[PDB]
Amino acid sequence: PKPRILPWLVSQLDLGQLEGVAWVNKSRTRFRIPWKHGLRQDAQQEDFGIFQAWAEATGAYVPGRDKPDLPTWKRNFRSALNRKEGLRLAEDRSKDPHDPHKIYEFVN
Amino acid sequence: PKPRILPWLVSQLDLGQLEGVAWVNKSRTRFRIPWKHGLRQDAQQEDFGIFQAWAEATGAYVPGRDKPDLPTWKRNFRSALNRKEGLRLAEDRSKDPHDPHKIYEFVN
Amino acid sequence: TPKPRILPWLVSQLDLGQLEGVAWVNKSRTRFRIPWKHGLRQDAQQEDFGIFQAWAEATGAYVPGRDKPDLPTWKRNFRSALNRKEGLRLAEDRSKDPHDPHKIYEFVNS
Amino acid sequence: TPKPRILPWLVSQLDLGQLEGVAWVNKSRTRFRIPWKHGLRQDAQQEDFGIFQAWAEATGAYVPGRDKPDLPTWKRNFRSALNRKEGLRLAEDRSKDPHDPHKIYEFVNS
DNA sequence: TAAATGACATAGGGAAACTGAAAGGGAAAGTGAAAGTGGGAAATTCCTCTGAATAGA
DNA sequence: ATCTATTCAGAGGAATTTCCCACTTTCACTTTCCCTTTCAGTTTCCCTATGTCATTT
Numbered sequence: 004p005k006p007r008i009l010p011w012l013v014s015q016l017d018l019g020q021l022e023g024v025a026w027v028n029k030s031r032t033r034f035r036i037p038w039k040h041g042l043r044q045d046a047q048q049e050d051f052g053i054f055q056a057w058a059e060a061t062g063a064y065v066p067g068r069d070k071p072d073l074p075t076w077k078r079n080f081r082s083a084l085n086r087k088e089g090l091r092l093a094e095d096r097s098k099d100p101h102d103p104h105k106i107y108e109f110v111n
Numbered sequence: 004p005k006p007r008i009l010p011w012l013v014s015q016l017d018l019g020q021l022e023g024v025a026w027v028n029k030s031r032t033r034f035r036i037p038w039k040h041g042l043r044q045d046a047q048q049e050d051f052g053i054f055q056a057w058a059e060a061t062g063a064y065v066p067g068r069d070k071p072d073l074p075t076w077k078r079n080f081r082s083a084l085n086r087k088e089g090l091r092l093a094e095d096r097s098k099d100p101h102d103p104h105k106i107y108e109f110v111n
Numbered sequence: 003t004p005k006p007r008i009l010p011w012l013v014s015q016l017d018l019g020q021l022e023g024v025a026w027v028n029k030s031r032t033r034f035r036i037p038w039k040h041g042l043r044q045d046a047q048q049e050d051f052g053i054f055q056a057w058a059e060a061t062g063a064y065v066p067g068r069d070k071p072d073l074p075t076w077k078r079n080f081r082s083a084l085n086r087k088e089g090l091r092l093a094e095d096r097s098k099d100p101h102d103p104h105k106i107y108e109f110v111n112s
Numbered sequence: 003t004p005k006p007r008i009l010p011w012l013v014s015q016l017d018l019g020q021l022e023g024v025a026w027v028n029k030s031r032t033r034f035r036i037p038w039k040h041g042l043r044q045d046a047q048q049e050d051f052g053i054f055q056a057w058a059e060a061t062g063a064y065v066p067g068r069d070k071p072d073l074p075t076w077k078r079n080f081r082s083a084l085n086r087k088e089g090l091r092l093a094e095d096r097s098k099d100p101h102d103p104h105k106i107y108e109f110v111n112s
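Protein chains in written order, with the authors' numbering: chain F, 4 to 111; chain H, 4 to 111; chain G, 3 to 112; chain E, 3 to 112.
This is the structure:
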């Protein structure tokens with residue numbers, strides 16, 4: 004059937020399984036996504052969990068079959084979101100030293 | 004007593020029990036048909052209500068017994084109307100974002 | 003007149019060899035190649051979508067002059083048409099190559 | 003407004019010779035000089051970082067009508083782009099000269 | 001007023017990751033023209049049954 | 001010498017058969033929706049690499 008990204012993303016947000024990935028508003032319209040830049044030493048694949056989740060979810064990534072590739076999972080997650088109408092990028096807290104991340108918000 | 008499509012269609016148009024299926028002429032010579040595209044995430048089953056109604060009506064589709072098949076219902080409905088003389092597709096508003104549909108018309 | 007069927011038409015283009023880059027890759031004439039340069043590249047230009055364009059002109063999908071040029075769509079339609087077609091398969095994919103980007107299709111059977 | 007590609011744009015600046023000490027050295031144009039100096043020195047301005055500034059203005063990254071000129075960043079962006087070009091290698095690093103600071107790239111190719 | 005030794009404040013710099021805009025791709029869905037189909041209607045053989053015309057008793 | 005016992009035309013539906021007519025399905029691509037990839041550059045990250053000030057001999 005293949006998941007559509009917005010409904011899928013919203014579900015992850017509601018379940019709140021991944022960390023650094025949740026609703027940052029009680030009305031539910033703004034949300035955070037970890038985004039530790041790739042070159043940083045403290046950066047593991049645990050910091051690309053949503054990106055990885057999406058890849059596993061769409062069949063792109065299958066642990067065992069393909070080597071894990073972090074940059075691709077991220078560029079893929081990002082491009083999918085950009086084209087999505089009714090959803091804009093708010094603040095770019097990506098290079099932020101302690102808690103690097105981004106908040107997306109649904110608009111009309 | 005299998006229904007003939009034009010009389011049947013006109014009846015649905017007059018009863019107006021199907022959202023989006025309605026005349027657009029006081030004179031009743033132009034009607035509109037809901038025409039959302041199958042892939043669209045926003046396509047709920049009822050977006051093929053007339054197509055489904057015709058399939059159930061010709062006894063081709065009995066809920067419970069058959070697996071829903073939305074493409075064929077629309078496909079059958081469109082093909083059935085095409086042979087009909089005195090009837091012609093006037094506008095194709097189906098790749099339309101908000102309210103997608105097609106307008107047929109009766110050539111005198 | 004009749005509308006051309008894609009495989010016979012393609013074979014004909016291959017035999018005529020009018021388009022540059024489009025050629026049989028073997029004597030048995032069963033494997034052929036199609037130039038497939040990526041659209042965003044700098045050296046890209048309309049002549050790198052010649053077969054795609056030819057097919058569009060051929061099916062009346064495009065009419066130099068009256069209609070407006072949609073190069074990507076020409077490729078999408080040509081690519082999509084072959085994809086369902088039975089008895090033809092994708093063999094190679096050198097489409098992301100630098101100097102000679104192209105894909106290689108092979109004719110098969112059942 | 004169409005975005006310029008760096009090599010064709012750079013070659014144009016070299017031919018026009020609008021900046022001081024940019025024109026190629028060899029007439030066949032297989033080598034050229036770049037106002038590559040240093041930033042932690044003394045009289046370093048927008049004159050010694052002209053190509054770097056030209057590229058920044060050219061890509062809209064910076065416009066002498068809003069963006070507050072950052073000479074250090076401009077040098078970083080220009081350096082990275084030249085590095086990735088296959089048929090383009092850096093000959094010598096003559097930035098190691100007092101009064102005459104610069105750099106010599108090659109228009110080689112394989 | 002000095003060659004040297006230190007002391008910070010950033011400017012390079014090489015890789016590899018990031019990115020926006022737009023082209024590519026998958027594959028499920030759509031299409032008009034063309035050809036196929038089912039089921040009810042019209043038509044073309046089958047079946048008693050009638051019954052007057054023909055044999056046994 | 002009637003008195004039944006049969007029997008081959010013509011009836012009046014059955015029993016299929018062949019036709020027709022609306023839709024249905026194929027045919028052979030085309031298009032759409034939603035993301036993915038490519039392009040050709042930008043931007044980090046993480047270290048060095050120097051170029052002005054400030055103490056050693």
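Think of the CB as a built atom: it goes at the ideal place given N, C-alpha and C, for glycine as much as any other residue.
(1) Judging by CA-CA distance, which residue of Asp95/G, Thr61/G and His104/G is the nearest neighbour of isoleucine 8/G?
(2) Answer yes or no: do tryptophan 38/G and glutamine 55/G have a C-beta to C-beta separation smaller than 9 Å?
(3) Alpha carbon to alpha carbon, how far is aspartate 69/H from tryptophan 57/H?
(4) Between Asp99/H, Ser97/H, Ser82/H and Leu92/H, which has its C-alpha nearest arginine 33/H's C-alpha?
(5) Could you tell me which of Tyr107/E, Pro66/E and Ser112/E sits nearest to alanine 25/E, measuring between CA atoms?
(6) Counting C-beta neighbours from all protein chains within 10 Å, is the total for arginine 86/H 16 or more, i.e. buried, or is it exposed?
(7) Are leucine 73/E and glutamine 47/E close, meaning C-beta to C-beta below 9 Å?
(8) Does DSSP classify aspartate 72/H as helix, strand or coil?
(9) Given a threshold of 16 other Cβ atoms within 10 Å of its Cβ, counted over all protein chains shown, does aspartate 50/H qualify as buried or as exposed?
(10) Suppose you measure from the CA of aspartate 17/E to the CA of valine 13/G; what does that come to, to the nearest Å?
(11) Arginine 43/G: which of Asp95/E, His104/E, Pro6/E and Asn79/E sits nearest, CA to CA?
(12) Of the residues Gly23/E, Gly67/E and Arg78/E, which one's Cα is nearest the Cα of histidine 101/E?
(13) In angstroms, rounded to a whole number, what distance separates the CA positions of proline 66/G and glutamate 59/G?
(14) Whole angstroms are fine: how far does the CA of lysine 98/F sit from the CA of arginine 35/F?
(15) Taking DSSP as the reference, what is the three-state secondary structure of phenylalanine 34/G?
(16) Over the uninterrupted alpha helix (DSSP H) stretch that includes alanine 63/H, give me the two end residues.
(17) At the level of alpha carbons, what is the spacing between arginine 31/F and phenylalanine 80/F?
(18) With DSSP run on the structure shown, which of helix, strand or coil describes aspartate 45/H?
(19) Quick one: residues in its chain with C-beta nearer than 8 Å to the C-beta of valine 110/E, no 5 flanking neighbours on either side, listed in chain order?
(20) Does DSSP put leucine 16/E in a helix, a strand or coil?
(21) By Cβ distance, which residues of its chain are closer than 6 Å to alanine 83/F, with the 5 residues on each side in sequence left out?
(22) For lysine 29/F, is the classification buried or exposed, using 16 other Cβ atoms within 10 angstroms of its Cβ as the cut-off for buried?
(23) Determine the burial state of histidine 104/H: buried for a count of at least 16 other Cβ atoms within 10 Å of its Cβ, exposed for fewer.
Result, derived from the coordinates:
(1) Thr61/G
(2) no
(3) 15 Å
(4) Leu92/H
(5) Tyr107/E
(6) exposed
(7) yes
(8) coil
(9) buried
(10) 48 Å
(11) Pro6/E
(12) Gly23/E
(13) 8 Å
(14) 14 Å
(15) strand
(16) Premise fails: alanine 63/H is in no alpha helix (DSSP H) and is neither H nor E.
(17) 20 Å
(18) coil
(19) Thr32, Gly89, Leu90 and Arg91
(20) helix
(21) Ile8
(22) exposed
(23) buried
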